[PDB]
Every structure is written in structure tokens, then in C-alpha cells.
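1. Could you work out the structure for the sequence below:
(2 chains)
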Amino acid sequence: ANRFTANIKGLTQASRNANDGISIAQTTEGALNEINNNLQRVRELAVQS
Amino acid sequence: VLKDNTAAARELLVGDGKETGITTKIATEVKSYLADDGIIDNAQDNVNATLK
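-> Numbering: from 1, shown residues only, chains lettered A, B, ... in the order given. Coordinates below:
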């Protein structure tokens, strides 16, 4: 029972760790969305040029 | 002006009709704007890509 309890708590913590990873990945993705939109505007300007 | 200097004013508005005439130039640049792959269509394509 001691061993099982330790594993249970560890896995529980790992759950929120994975959630944190999700959060950071999403934020990075949003930033990259902004970068991509700006680069699309650059493409517009190049097509003009 | 029409009564008196009609030919003169014609030379201004139209002129040769090839590289002269206010209407001539206006037609040239409006055609450039409206031409395929023109500025308008380029902007619209950009917007469509953003929608995608």
C-alpha cells in the first residue's frame, strides 16, 4: 500500500506537469501565429514589389 | 468653352487617346488596378489565406 500510494501521488503530480506543458505549447503556438501573419503581410509586399 | 475652344479642350481631355488625355491615363491606371493579380486581388487572396 505504501508503494501504491507513492505511485498514485507521483502520477497525480505528473498530471499537472503535463497540463503545464500544454499551456506553454499553446502560448508558443499563438506567438507563432502572430509571426506567420506578419510574414504573410511580407509576402503581400513582395508580390507588390 | 465648348462653344469656342472645343478642339483645344478635346486635346486636353483626350488628346491622341494613346499616351495623352486625362481619360486616357485614367483608363490606363484603372485597368492596372483591376487587372488580374492586381492589388485588389492580391489583398483579397491574403484575406482568404488568413481565413483558411
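
2. Which residue ranges of chain A form helices?
-> A:2-48 (DSSP state H).

3. what does it put close to chain B?
-> Residues of chain A found near chain B (C-beta under 8 Å from any C-beta of the partner chain) are A:37, A:40, A:41, A:43, A:44, A:47, A:48. Quick note: C-beta positions are derived from backbone N, CA and C, even for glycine.

4. who's in contact with the fourth one?
-> The neighbours of residue A:43, taking C-beta atoms under 8 Å, 6 or more residues apart in numbering or on different chains as the test, are residue B:46.

5. distance of it from residue B:50?
-> To residue B:50, residue A:43 is 12 Å away according to C-beta to C-beta, to the nearest Å.

6. Residue B:49 and residue B:42, how far apart?
-> 11 Å.

7. out of the two, which sits in the more crowded spot?
-> residue B:42 (15 against 12; other C-beta atoms under 10 Å in any protein chain shown).

8. from the middle of its chain, how far away would the host helix or strand of the more buried one be?
-> Assessed by DSSP states H and E, residue B:42 sits inside helix B:39-51. Relative to its parent chain, helix B:39-51 has a centroid offset of 22 Å by C-alpha atoms, centre = their mean, to the nearest Å.

9. That helix near chain A at all?
-> Yes - applying C-beta under 8 Å from any C-beta, one finds helix B:39-51 touching chain A at B:39, B:42, B:43, B:46, B:49, B:50.

10. The second one touches residue A:46, doesn't it?
-> No - with contacts defined as C-beta atoms under 8 Å, residue B:42 does not count as touching residue A:46, sitting 10.3 Å away.

11. burial count for residue B:21?
-> Residue B:21 - counted by other C-beta under 10 Å - has 18 other residues nearby.

12. for it, what are its contacts?
-> B:12, B:13, B:14, B:15.

13. Report the entries of these that also contact chain A.
-> Answer for those near chain A: none qualify (C-beta under 8 Å from any C-beta).
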